There are 4 protein chains.
Amino acid sequence: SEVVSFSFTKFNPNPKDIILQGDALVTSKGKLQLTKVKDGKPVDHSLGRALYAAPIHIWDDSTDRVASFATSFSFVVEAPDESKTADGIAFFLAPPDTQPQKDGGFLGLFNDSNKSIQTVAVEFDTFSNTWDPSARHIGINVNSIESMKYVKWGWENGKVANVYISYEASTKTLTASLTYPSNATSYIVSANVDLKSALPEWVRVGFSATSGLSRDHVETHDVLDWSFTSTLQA
Amino acid sequence: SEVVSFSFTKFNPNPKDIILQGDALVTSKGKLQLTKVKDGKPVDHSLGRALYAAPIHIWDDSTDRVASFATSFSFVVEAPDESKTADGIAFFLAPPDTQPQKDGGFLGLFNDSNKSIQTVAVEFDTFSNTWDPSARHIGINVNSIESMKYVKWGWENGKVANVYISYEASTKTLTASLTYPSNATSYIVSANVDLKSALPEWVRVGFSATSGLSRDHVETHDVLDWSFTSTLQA
Amino acid sequence: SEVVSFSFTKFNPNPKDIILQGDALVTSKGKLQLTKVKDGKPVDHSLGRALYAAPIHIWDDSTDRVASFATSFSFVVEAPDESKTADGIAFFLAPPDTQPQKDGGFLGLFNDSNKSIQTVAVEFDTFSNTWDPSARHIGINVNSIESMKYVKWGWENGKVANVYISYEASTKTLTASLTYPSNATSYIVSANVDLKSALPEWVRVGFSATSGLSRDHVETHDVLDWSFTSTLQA
Amino acid sequence: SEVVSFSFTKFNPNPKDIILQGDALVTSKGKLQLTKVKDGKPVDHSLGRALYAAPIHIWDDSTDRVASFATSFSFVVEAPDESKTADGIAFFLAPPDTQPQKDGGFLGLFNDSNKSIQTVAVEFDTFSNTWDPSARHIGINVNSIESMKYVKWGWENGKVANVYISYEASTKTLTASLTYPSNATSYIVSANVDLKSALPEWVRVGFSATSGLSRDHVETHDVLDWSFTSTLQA
Ligand SMILES: [Ca+2]
Ligand SMILES: [Ca+2]
Ligand SMILES: [Ca+2]
Ligand SMILES: [Ca+2]
Ligand SMILES: [Mn+2]
Ligand SMILES: [Mn+2]
Ligand SMILES: [Mn+2]
Ligand SMILES: [Mn+2]
């Protein structure tokens with residue numbers, strides 16, 4: 001494929017363009033609620049993922065070409081307690097048949113299987129596990145729950161976060177930024193990532209999130225909108 | 001969904017974005033060959049269809065809104081004999097789980113089942129069946145192999161045909177045009193079509209084609225490229 | 001330039017993106033009224049033109065490349081008398097400094113100067129002059145008020161006409177279609193046009209219209225919206 | 001206007017889409033060289049600006065609506081000496097008739113006139129003047145050479161910088177990021193900026209740059225490509 005694009009200003013309650021996995025659902029107001037909410041309150045031990053229906057052609061073995069892509073999405077992570085939060089939300093790419101992996105700190109993306117899984121993620125990590133830096137962080141993750149690069153992230157409870165992720169194929173640069181319009185505060189991180197080596201030719205793209213494994217480490221992970229475009233020169 | 005787009009300047013030999021049904025395949029040079037070719041020669045009794053992976057949201061029961069869409073594709077129909085041709089090629093919309101229907105003059109789109117099937121097609125018909133006008137034609141077909149409107153079509157054997165189809169939701173106008181750049185000859189037809197009444201909320205879009213049911217009524221039906229865009233106001 | 005696009009769903013009353021020439025104005029409801037209207041009634045001897053502010057790079061002498069482009073616009077031509085009409089409306093390309101040429105049957109586009117002017121137009125001609133066929137027509141015009149190709153055009157008084165014009169650089173094919181959603185009636189014409197030979201490298205694009213030179217040959221020429229895109233491979 | 005877009009993968013040597021002011025020129029290889037280079041070496045006391053030909057409709061007094069916009073551009077600033085650099089490069093919006101203002105630290109954008117000029121800029125400042133913080137910085141500037149917000153910027157001599165600027169009208173958030181693909185290092189800054197209050201309804205957008213006012217404070221300021229899109233809801 002050469003060019004694929006799609007833009008949701010909000011999500012449809014029974015989405016056919018979006019493959020919902022685990023606890024993910026679209027609320028009737030059109031928020032993509034990745035992790036469970038009960039009586040308006042986030043629940044623990046939740047794992048939800050959402051992928052776009054069409055696979056994306058990110059590289060081609062015949063032509064040796066790599067896709068470029070850009071995506072925008074806004075998301076909210078709201079926790080009943082500012083200091084106890086887990087586990088986070090991520091935008092990711094994985095093989096098209098990708099299924100939910102471990103919950104909790106593995107973010108539904110990775111596992112501890114000793115079989116290195118193919119998934120490239122931009123995580124917004126709200127809990128410091130063994131493999132994390134100390135502070136909440138935006139991480140670029142290449143086939144590991146351990147980020148290859150991260151920036152410390154001043155998570156704002158319940159505030160809309162605007163994210164813009166792009167991948168420039170000609171330089172192998174993956175760049176992720178987050179901005180909180182509420183107080184015009186922003187964070188960015190970039191990495192040199194070889195998508196040909198990390199991922200298969202075709203992938204599915206989307207989001208994954210998990211709530212903490214305890215009652216006092218719960219938060220929501222809602223996506224409010226999403227735009228994506230990818231071009232493969234071919 | 002609000003906006004979905006995709007553009008192929010040619011097709012990938014093992015397409016993941018394109019669901020190939022019946023005899024459809026992508027050749028190694030990237031043509032979408034809907035009907036069978038053997039030793040470079042079209043074969044009879046063939047039926048092939050290709051659909052885009054992502055369903056398209058063409059209308060919404062809650063918001064009462066209808067999508068607009070536009071698509072461009074180029075296609076070749078080549079017959080070893082100018083005067084004996086069958087059966088044709090079509091661009092269509094159908095429920096997402098749509099499967100190949102009858103072969104031959106039914107174009108893989110419709111059947112004679114007495115169970116009116118949901119499919120809206122723009123056919124390029126190369127054989128005059130019982131339900132057709134006399135001459136080869138471009139037809140707009142709403143849940144029937146019988147066109148509600150058609151224009152006579154001067155098919156050019158083996159020449160590239162450029163098609164542009166659009167649907168204007170605000171007026172319910174479906175317009176289909178074909179141009180042969182080789183001699184700058186063009187045909188157009190339009191119809192007032194209520195997609196809400198003809199189709200379910202979500203559909204898949206693509207192409208369907210069949211070769212004749214006899215050895216002396218064979219032709220190819222190759223699509224060379226394809227661009228599509230649909231917006232649902234919501 | 002490689003890609004230029006712009007889309008108006010209606011026009012701004014004091015447009016800065018649109019260079020208005022002669023009698024052209026934008027009404028407060030956002031219609032581009034090319035020719036004069038007085039007390040709601042079309043006036044004779046009027047000439048109005050509108051061009052997009054940015055020049056469009058349609059070909060390049062260094063790279064030998066030609067642009068492709070596509071444009072959509074809706075327009076109304078309303079005459080107080082169905083049988084007496086003049087003169088018409090056109091979409092055109094001309095050098096960027098292009099100024100209004102002759103009025104009346106020259107459509108503000110051409111003149112009788114014996115100095116062949118550079119302008120390539122798709123005219124919707126409502127009056128049969130000396131150089132016209134008999135019937136109202138959609139014409140493709142290459143540096144002459146005389147069309148190189150035309151299709152007879154069933155003008156519908158006061159009805160919205162939807163036009164789609166495209167130019168495919170790889171085949172030099174200019175295609176123009178018009179559809180009246182009101183009764184789903186359509187017309188199309190195509191021509192092999194060498195834009196490199198007809199036009200300079202850079203042009204401005206837009207509309208031109210004139211009302212008849214007599215009181216009993218008056219009509220309006222309003223454009224309701226306009227989308228344009230052009231890509232030059234370079 | 002509702003939607004305006006344009007994308008250059010490089011610039012044309014005699015650009016008609018781009019209004020070049022002061023010393024700005026396009027090199028024969030298609031770089032937009034804002035400030036003077038002599039025998040391949042940057043010259044002092046230079047000031048160059050480039051604007052897109054079409055004005056952009058950023059807000060509308062009648063409808064009370066504000067545009068959103070996004071733009072990407074890559075740029076190089078190369079100095080013969082790493083530690084002596086001046087003055088910088090900026091992306092800006094200003095009234096359409098905007099002309100070059102003061103040189104040097106005023107970046108061709110502002111002056112010391114005591115007549116507050118309308119210009120909103122995202123500067124990449126390479127020299128600490130009286131109104132600057134100490135370190136080189138990316139600044140958001142609203143009708144002043146003094147930034148309202150800035151982030152410290154690790155300028156990389158002679159390296160390609162990729163910038164992405166967006167403005168979200170619904171939150172009044174202007175966000176600017178820079179990434180050096182060479183070592184995947186990134187910077188971002190955001191501000192709450194009211195474009196209705198800072199700028200007139202229509203503007204022109206582009207770049208401005210100046211070299212230092214001394215021989216030992218020289219650098220280049222070349223833009224390599226540029227994409228822009230703006231939508232005004234209206
Ligand atoms: Ca963690
Ligand atoms: Ca038939
Ligand atoms: Ca005439
Ligand atoms: Ca400075
Ligand atoms: Mn982490
Ligand atoms: Mn038929
Ligand atoms: Mn004529
Ligand atoms: Mn500064």
# chains A, B, ... in the order shown; residues from 1 in each chain; ligands from 1
>>> calpha_fit_and_write(fixed="chain B", moving="chain C", output="PDB file with C-alpha atoms, in the first residue's frame")
ATOM      1  CA  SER C   1     -15.470   6.956  11.830  1.00  0.00           C
ATOM      2  CA  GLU C   2     -15.228  10.459  10.329  1.00  0.00           C
ATOM      3  CA  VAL C   3     -12.531  10.270   7.589  1.00  0.00           C
ATOM      4  CA  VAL C   4     -10.956   7.210   5.921  1.00  0.00           C
ATOM      5  CA  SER C   5      -8.656   7.402   2.895  1.00  0.00           C
ATOM      6  CA  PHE C   6      -6.279   5.144   1.057  1.00  0.00           C
ATOM      7  CA  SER C   7      -4.378   5.304  -2.196  1.00  0.00           C
ATOM      8  CA  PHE C   8      -2.529   2.584  -4.136  1.00  0.00           C
ATOM      9  CA  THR C   9      -0.563   3.635  -7.222  1.00  0.00           C
ATOM     10  CA  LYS C  10      -0.281  -0.095  -7.799  1.00  0.00           C
ATOM     11  CA  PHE C  11      -1.021  -3.140  -5.702  1.00  0.00           C
ATOM     12  CA  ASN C  12       1.275  -5.239  -3.535  1.00  0.00           C
ATOM     13  CA  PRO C  13       1.734  -8.871  -4.584  1.00  0.00           C
ATOM     14  CA  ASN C  14       0.608 -10.213  -1.198  1.00  0.00           C
ATOM     15  CA  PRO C  15      -1.757  -7.478  -0.117  1.00  0.00           C
ATOM     16  CA  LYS C  16      -2.875  -7.341   3.516  1.00  0.00           C
ATOM     17  CA  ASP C  17      -4.949  -4.186   3.018  1.00  0.00           C
ATOM     18  CA  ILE C  18      -6.955  -5.968   0.371  1.00  0.00           C
ATOM     19  CA  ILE C  19      -9.144  -8.942   0.908  1.00  0.00           C
ATOM     20  CA  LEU C  20      -9.015 -11.030  -2.240  1.00  0.00           C
ATOM     21  CA  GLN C  21     -11.968 -13.306  -2.951  1.00  0.00           C
ATOM     22  CA  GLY C  22     -12.536 -16.042  -5.551  1.00  0.00           C
ATOM     23  CA  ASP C  23      -9.857 -15.951  -8.307  1.00  0.00           C
ATOM     24  CA  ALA C  24      -8.531 -12.476  -7.532  1.00  0.00           C
ATOM     25  CA  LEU C  25      -4.819 -12.047  -7.174  1.00  0.00           C
ATOM     26  CA  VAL C  26      -2.195  -9.421  -7.425  1.00  0.00           C
ATOM     27  CA  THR C  27       0.361 -10.042 -10.178  1.00  0.00           C
ATOM     28  CA  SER C  28       4.031  -9.568  -9.448  1.00  0.00           C
ATOM     29  CA  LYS C  29       3.989  -6.316 -11.403  1.00  0.00           C
ATOM     30  CA  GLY C  30       1.232  -5.083  -9.092  1.00  0.00           C
ATOM     31  CA  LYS C  31      -1.952  -5.365 -11.172  1.00  0.00           C
ATOM     32  CA  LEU C  32      -5.105  -6.522  -9.409  1.00  0.00           C
ATOM     33  CA  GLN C  33      -6.151  -9.352 -11.693  1.00  0.00           C
ATOM     34  CA  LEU C  34      -9.716 -10.114 -10.676  1.00  0.00           C
ATOM     35  CA  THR C  35     -10.307 -12.919 -13.142  1.00  0.00           C
ATOM     36  CA  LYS C  36      -8.086 -15.797 -14.162  1.00  0.00           C
ATOM     37  CA  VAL C  37      -5.420 -15.608 -16.799  1.00  0.00           C
ATOM     38  CA  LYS C  38      -3.619 -18.718 -18.034  1.00  0.00           C
ATOM     39  CA  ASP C  39      -0.550 -18.463 -20.242  1.00  0.00           C
ATOM     40  CA  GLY C  40      -1.423 -14.754 -20.565  1.00  0.00           C
ATOM     41  CA  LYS C  41      -4.932 -15.515 -21.801  1.00  0.00           C
ATOM     42  CA  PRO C  42      -8.218 -14.903 -20.014  1.00  0.00           C
ATOM     43  CA  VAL C  43     -10.108 -18.036 -18.828  1.00  0.00           C
ATOM     44  CA  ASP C  44     -13.900 -18.476 -18.632  1.00  0.00           C
ATOM     45  CA  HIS C  45     -16.064 -19.216 -15.626  1.00  0.00           C
ATOM     46  CA  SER C  46     -13.944 -16.929 -13.454  1.00  0.00           C
ATOM     47  CA  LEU C  47     -15.090 -14.714 -10.570  1.00  0.00           C
ATOM     48  CA  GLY C  48     -12.864 -12.508  -8.476  1.00  0.00           C
ATOM     49  CA  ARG C  49     -13.406  -9.786  -5.939  1.00  0.00           C
ATOM     50  CA  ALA C  50     -11.220  -7.448  -3.892  1.00  0.00           C
ATOM     51  CA  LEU C  51     -12.255  -5.381  -0.862  1.00  0.00           C
ATOM     52  CA  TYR C  52     -10.447  -2.848   1.284  1.00  0.00           C
ATOM     53  CA  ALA C  53      -9.678  -4.237   4.732  1.00  0.00           C
ATOM     54  CA  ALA C  54     -11.269  -1.458   6.796  1.00  0.00           C
ATOM     55  CA  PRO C  55     -15.049  -1.171   6.816  1.00  0.00           C
ATOM     56  CA  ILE C  56     -16.338   2.199   5.790  1.00  0.00           C
ATOM     57  CA  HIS C  57     -18.907   4.001   7.838  1.00  0.00           C
ATOM     58  CA  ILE C  58     -21.401   5.166   5.262  1.00  0.00           C
ATOM     59  CA  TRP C  59     -24.267   6.135   7.558  1.00  0.00           C
ATOM     60  CA  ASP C  60     -25.168   6.278  11.198  1.00  0.00           C
ATOM     61  CA  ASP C  61     -28.519   5.458  12.719  1.00  0.00           C
ATOM     62  CA  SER C  62     -27.974   7.647  15.833  1.00  0.00           C
ATOM     63  CA  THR C  63     -26.936  10.836  14.041  1.00  0.00           C
ATOM     64  CA  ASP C  64     -28.982  10.221  10.935  1.00  0.00           C
ATOM     65  CA  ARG C  65     -25.920  11.261   8.850  1.00  0.00           C
ATOM     66  CA  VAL C  66     -24.743   9.869   5.548  1.00  0.00           C
ATOM     67  CA  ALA C  67     -21.140   9.707   4.285  1.00  0.00           C
ATOM     68  CA  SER C  68     -19.844  11.293   1.136  1.00  0.00           C
ATOM     69  CA  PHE C  69     -17.141   9.474  -0.782  1.00  0.00           C
ATOM     70  CA  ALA C  70     -14.982   9.672  -3.873  1.00  0.00           C
ATOM     71  CA  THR C  71     -12.841   7.084  -5.538  1.00  0.00           C
ATOM     72  CA  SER C  72     -10.597   6.817  -8.550  1.00  0.00           C
ATOM     73  CA  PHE C  73      -9.364   3.700 -10.238  1.00  0.00           C
ATOM     74  CA  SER C  74      -7.936   2.682 -13.556  1.00  0.00           C
ATOM     75  CA  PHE C  75      -8.788  -0.642 -15.143  1.00  0.00           C
ATOM     76  CA  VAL C  76      -8.238  -2.671 -18.280  1.00  0.00           C
ATOM     77  CA  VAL C  77     -10.607  -5.130 -19.912  1.00  0.00           C
ATOM     78  CA  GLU C  78      -8.900  -7.021 -22.703  1.00  0.00           C
ATOM     79  CA  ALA C  79     -10.641  -9.669 -24.830  1.00  0.00           C
ATOM     80  CA  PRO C  80      -9.036 -11.815 -27.492  1.00  0.00           C
ATOM     81  CA  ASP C  81     -12.055 -11.034 -29.707  1.00  0.00           C
ATOM     82  CA  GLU C  82     -13.620  -7.534 -29.853  1.00  0.00           C
ATOM     83  CA  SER C  83     -17.144  -8.782 -30.477  1.00  0.00           C
ATOM     84  CA  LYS C  84     -17.420 -11.610 -27.930  1.00  0.00           C
ATOM     85  CA  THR C  85     -17.028 -10.339 -24.404  1.00  0.00           C
ATOM     86  CA  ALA C  86     -18.278 -11.135 -20.955  1.00  0.00           C
ATOM     87  CA  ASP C  87     -19.092 -10.307 -18.308  1.00  0.00           C
ATOM     88  CA  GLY C  88     -17.634  -7.220 -16.696  1.00  0.00           C
ATOM     89  CA  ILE C  89     -16.199  -5.447 -13.696  1.00  0.00           C
ATOM     90  CA  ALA C  90     -17.715  -3.360 -10.972  1.00  0.00           C
ATOM     91  CA  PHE C  91     -16.940  -1.111  -8.061  1.00  0.00           C
ATOM     92  CA  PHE C  92     -19.213  -1.903  -5.158  1.00  0.00           C
ATOM     93  CA  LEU C  93     -20.253  -1.455  -1.594  1.00  0.00           C
ATOM     94  CA  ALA C  94     -21.685  -4.319   0.472  1.00  0.00           C
ATOM     95  CA  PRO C  95     -21.998  -5.425   4.102  1.00  0.00           C
ATOM     96  CA  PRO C  96     -18.548  -6.059   5.536  1.00  0.00           C
ATOM     97  CA  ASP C  97     -18.929  -9.879   5.547  1.00  0.00           C
ATOM     98  CA  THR C  98     -19.934  -9.859   1.835  1.00  0.00           C
ATOM     99  CA  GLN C  99     -18.952 -12.954  -0.066  1.00  0.00           C
ATOM    100  CA  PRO C 100     -18.880 -13.744  -3.802  1.00  0.00           C
ATOM    101  CA  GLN C 101     -22.358 -14.236  -5.253  1.00  0.00           C
ATOM    102  CA  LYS C 102     -23.218 -15.658  -8.643  1.00  0.00           C
ATOM    103  CA  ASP C 103     -20.724 -15.791 -11.486  1.00  0.00           C
ATOM    104  CA  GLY C 104     -21.222 -14.876 -15.132  1.00  0.00           C
ATOM    105  CA  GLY C 105     -23.687 -12.072 -15.762  1.00  0.00           C
ATOM    106  CA  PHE C 106     -24.274 -11.656 -12.035  1.00  0.00           C
ATOM    107  CA  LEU C 107     -20.770 -10.228 -11.830  1.00  0.00           C
ATOM    108  CA  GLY C 108     -20.027 -11.938  -8.501  1.00  0.00           C
ATOM    109  CA  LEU C 109     -22.324  -9.313  -6.977  1.00  0.00           C
ATOM    110  CA  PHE C 110     -25.922 -10.513  -7.189  1.00  0.00           C
ATOM    111  CA  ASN C 111     -27.849 -13.760  -7.413  1.00  0.00           C
ATOM    112  CA  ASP C 112     -31.273 -14.965  -8.530  1.00  0.00           C
ATOM    113  CA  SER C 113     -32.303 -16.027  -5.105  1.00  0.00           C
ATOM    114  CA  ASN C 114     -35.365 -13.993  -4.513  1.00  0.00           C
ATOM    115  CA  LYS C 115     -33.690 -12.646  -1.425  1.00  0.00           C
ATOM    116  CA  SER C 116     -32.781  -9.076  -2.431  1.00  0.00           C
ATOM    117  CA  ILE C 117     -29.118  -8.688  -1.457  1.00  0.00           C
ATOM    118  CA  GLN C 118     -27.608  -5.469  -0.178  1.00  0.00           C
ATOM    119  CA  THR C 119     -24.970  -4.251  -2.670  1.00  0.00           C
ATOM    120  CA  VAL C 120     -24.706  -1.003  -4.495  1.00  0.00           C
ATOM    121  CA  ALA C 121     -22.526  -1.218  -7.594  1.00  0.00           C
ATOM    122  CA  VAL C 122     -21.187   0.834 -10.501  1.00  0.00           C
ATOM    123  CA  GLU C 123     -20.814  -1.824 -13.194  1.00  0.00           C
ATOM    124  CA  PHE C 124     -18.895  -1.804 -16.435  1.00  0.00           C
ATOM    125  CA  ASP C 125     -20.915  -4.398 -18.233  1.00  0.00           C
ATOM    126  CA  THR C 126     -19.550  -6.045 -21.296  1.00  0.00           C
ATOM    127  CA  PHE C 127     -22.352  -8.583 -22.025  1.00  0.00           C
ATOM    128  CA  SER C 128     -26.038  -8.014 -22.660  1.00  0.00           C
ATOM    129  CA  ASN C 129     -28.001 -10.395 -20.436  1.00  0.00           C
ATOM    130  CA  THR C 130     -31.826 -10.581 -20.040  1.00  0.00           C
ATOM    131  CA  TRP C 131     -31.876  -7.721 -17.549  1.00  0.00           C
ATOM    132  CA  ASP C 132     -29.481  -5.450 -19.519  1.00  0.00           C
ATOM    133  CA  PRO C 133     -29.960  -2.874 -22.246  1.00  0.00           C
ATOM    134  CA  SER C 134     -28.597  -3.947 -25.634  1.00  0.00           C
ATOM    135  CA  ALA C 135     -25.217  -2.225 -25.665  1.00  0.00           C
ATOM    136  CA  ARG C 136     -22.299  -2.465 -23.263  1.00  0.00           C
ATOM    137  CA  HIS C 137     -22.973  -0.014 -20.473  1.00  0.00           C
ATOM    138  CA  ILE C 138     -21.880   1.666 -17.292  1.00  0.00           C
ATOM    139  CA  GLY C 139     -24.677   1.014 -14.805  1.00  0.00           C
ATOM    140  CA  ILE C 140     -25.622   2.093 -11.334  1.00  0.00           C
ATOM    141  CA  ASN C 141     -27.143  -0.807  -9.521  1.00  0.00           C
ATOM    142  CA  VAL C 142     -29.002  -0.705  -6.271  1.00  0.00           C
ATOM    143  CA  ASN C 143     -29.592  -4.143  -4.767  1.00  0.00           C
ATOM    144  CA  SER C 144     -30.201  -5.638  -8.188  1.00  0.00           C
ATOM    145  CA  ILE C 145     -28.269  -6.892 -11.245  1.00  0.00           C
ATOM    146  CA  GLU C 146     -30.689  -4.704 -13.126  1.00  0.00           C
ATOM    147  CA  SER C 147     -29.345  -1.148 -13.343  1.00  0.00           C
ATOM    148  CA  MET C 148     -31.575   1.711 -12.264  1.00  0.00           C
ATOM    149  CA  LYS C 149     -29.606   3.985 -14.588  1.00  0.00           C
ATOM    150  CA  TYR C 150     -27.052   3.313 -17.265  1.00  0.00           C
ATOM    151  CA  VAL C 151     -25.113   4.985 -19.995  1.00  0.00           C
ATOM    152  CA  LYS C 152     -24.040   3.271 -23.116  1.00  0.00           C
ATOM    153  CA  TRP C 153     -20.299   2.569 -22.920  1.00  0.00           C
ATOM    154  CA  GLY C 154     -17.867   2.421 -25.847  1.00  0.00           C
ATOM    155  CA  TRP C 155     -15.587  -0.158 -24.332  1.00  0.00           C
ATOM    156  CA  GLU C 156     -12.068   0.022 -25.713  1.00  0.00           C
ATOM    157  CA  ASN C 157     -10.370  -3.340 -25.858  1.00  0.00           C
ATOM    158  CA  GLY C 158      -7.177  -3.415 -23.818  1.00  0.00           C
ATOM    159  CA  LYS C 159      -7.124   0.380 -23.180  1.00  0.00           C
ATOM    160  CA  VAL C 160      -6.702   1.940 -19.779  1.00  0.00           C
ATOM    161  CA  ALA C 161      -9.927   3.263 -18.432  1.00  0.00           C
ATOM    162  CA  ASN C 162      -9.834   5.962 -15.717  1.00  0.00           C
ATOM    163  CA  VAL C 163     -12.931   5.996 -13.496  1.00  0.00           C
ATOM    164  CA  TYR C 164     -14.009   8.581 -10.984  1.00  0.00           C
ATOM    165  CA  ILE C 165     -16.965   7.795  -8.748  1.00  0.00           C
ATOM    166  CA  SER C 166     -18.376  10.189  -6.177  1.00  0.00           C
ATOM    167  CA  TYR C 167     -21.297  10.210  -3.788  1.00  0.00           C
ATOM    168  CA  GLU C 168     -22.623  13.505  -2.485  1.00  0.00           C
ATOM    169  CA  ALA C 169     -24.554  12.709   0.712  1.00  0.00           C
ATOM    170  CA  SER C 170     -26.386  16.086   0.840  1.00  0.00           C
ATOM    171  CA  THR C 171     -28.117  15.362  -2.464  1.00  0.00           C
ATOM    172  CA  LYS C 172     -27.926  11.565  -2.555  1.00  0.00           C
ATOM    173  CA  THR C 173     -26.166  11.760  -5.921  1.00  0.00           C
ATOM    174  CA  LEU C 174     -23.932   8.932  -7.052  1.00  0.00           C
ATOM    175  CA  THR C 175     -21.930   9.858 -10.174  1.00  0.00           C
ATOM    176  CA  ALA C 176     -19.681   7.559 -12.171  1.00  0.00           C
ATOM    177  CA  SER C 177     -17.436   8.559 -15.032  1.00  0.00           C
ATOM    178  CA  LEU C 178     -14.998   6.690 -17.262  1.00  0.00           C
ATOM    179  CA  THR C 179     -12.334   8.220 -19.499  1.00  0.00           C
ATOM    180  CA  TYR C 180     -10.001   6.514 -21.944  1.00  0.00           C
ATOM    181  CA  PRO C 181      -6.917   8.761 -21.980  1.00  0.00           C
ATOM    182  CA  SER C 182      -5.754   6.958 -25.110  1.00  0.00           C
ATOM    183  CA  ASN C 183      -8.296   8.797 -27.231  1.00  0.00           C
ATOM    184  CA  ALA C 184      -9.800  11.180 -24.646  1.00  0.00           C
ATOM    185  CA  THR C 185     -13.256   9.645 -24.866  1.00  0.00           C
ATOM    186  CA  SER C 186     -15.525   9.750 -21.806  1.00  0.00           C
ATOM    187  CA  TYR C 187     -18.813   8.512 -20.420  1.00  0.00           C
ATOM    188  CA  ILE C 188     -20.772   9.472 -17.335  1.00  0.00           C
ATOM    189  CA  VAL C 189     -23.930   8.451 -15.484  1.00  0.00           C
ATOM    190  CA  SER C 190     -25.541   9.662 -12.295  1.00  0.00           C
ATOM    191  CA  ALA C 191     -28.318   8.476 -10.003  1.00  0.00           C
ATOM    192  CA  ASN C 192     -30.199   9.508  -6.957  1.00  0.00           C
ATOM    193  CA  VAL C 193     -29.327   6.744  -4.540  1.00  0.00           C
ATOM    194  CA  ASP C 194     -30.315   6.514  -0.876  1.00  0.00           C
ATOM    195  CA  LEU C 195     -27.438   4.648   0.726  1.00  0.00           C
ATOM    196  CA  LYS C 196     -29.164   4.606   4.135  1.00  0.00           C
ATOM    197  CA  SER C 197     -32.019   2.609   2.630  1.00  0.00           C
ATOM    198  CA  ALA C 198     -29.890   0.383   0.358  1.00  0.00           C
ATOM    199  CA  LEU C 199     -26.971  -0.526   2.620  1.00  0.00           C
ATOM    200  CA  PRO C 200     -26.230  -1.200   6.287  1.00  0.00           C
ATOM    201  CA  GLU C 201     -24.314   1.415   8.343  1.00  0.00           C
ATOM    202  CA  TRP C 202     -20.950  -0.131   7.712  1.00  0.00           C
ATOM    203  CA  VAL C 203     -19.786  -1.602   4.447  1.00  0.00           C
ATOM    204  CA  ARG C 204     -16.713  -2.816   2.662  1.00  0.00           C
ATOM    205  CA  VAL C 205     -15.806  -1.368  -0.737  1.00  0.00           C
ATOM    206  CA  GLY C 206     -14.028  -2.796  -3.670  1.00  0.00           C
ATOM    207  CA  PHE C 207     -14.265  -4.507  -7.017  1.00  0.00           C
ATOM    208  CA  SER C 208     -15.887  -7.598  -8.468  1.00  0.00           C
ATOM    209  CA  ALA C 209     -15.558  -9.118 -11.942  1.00  0.00           C
ATOM    210  CA  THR C 210     -16.463 -12.179 -13.872  1.00  0.00           C
ATOM    211  CA  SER C 211     -15.442 -13.720 -17.153  1.00  0.00           C
ATOM    212  CA  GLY C 212     -18.045 -15.302 -19.477  1.00  0.00           C
ATOM    213  CA  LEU C 213     -19.469 -18.764 -18.993  1.00  0.00           C
ATOM    214  CA  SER C 214     -18.180 -19.899 -22.418  1.00  0.00           C
ATOM    215  CA  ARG C 215     -14.780 -20.151 -24.021  1.00  0.00           C
ATOM    216  CA  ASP C 216     -15.549 -17.608 -26.663  1.00  0.00           C
ATOM    217  CA  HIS C 217     -16.751 -14.998 -24.139  1.00  0.00           C
ATOM    218  CA  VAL C 218     -13.587 -14.325 -22.169  1.00  0.00           C
ATOM    219  CA  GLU C 219     -11.776 -11.165 -21.128  1.00  0.00           C
ATOM    220  CA  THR C 220      -9.526  -9.888 -18.390  1.00  0.00           C
ATOM    221  CA  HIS C 221     -10.525  -7.504 -15.658  1.00  0.00           C
ATOM    222  CA  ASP C 222      -7.454  -5.874 -14.139  1.00  0.00           C
ATOM    223  CA  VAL C 223      -7.412  -2.875 -11.802  1.00  0.00           C
ATOM    224  CA  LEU C 224      -4.164  -0.877 -11.948  1.00  0.00           C
ATOM    225  CA  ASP C 225      -4.540   1.563  -9.063  1.00  0.00           C
ATOM    226  CA  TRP C 226      -7.117   2.803  -6.632  1.00  0.00           C
ATOM    227  CA  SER C 227      -7.702   5.829  -4.396  1.00  0.00           C
ATOM    228  CA  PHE C 228     -10.619   6.229  -2.008  1.00  0.00           C
ATOM    229  CA  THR C 229     -11.808   8.757   0.489  1.00  0.00           C
ATOM    230  CA  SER C 230     -14.961   8.882   2.599  1.00  0.00           C
ATOM    231  CA  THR C 231     -16.067  11.364   5.228  1.00  0.00           C
ATOM    232  CA  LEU C 232     -18.987  10.965   7.552  1.00  0.00           C
ATOM    233  CA  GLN C 233     -19.935  14.303   9.159  1.00  0.00           C
ATOM    234  CA  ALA C 234     -21.179  12.787  12.439  1.00  0.00           C
TER     235      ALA C 234
END
>>> select_by_dssp(residues="stretch 88-222 of chain C", states="strand (DSSP E)", output="number ranges by chain")
C: 88-94, 120-125, 137-142, 149-152, 161-168, 173-180, 185-192, 202-211, 222
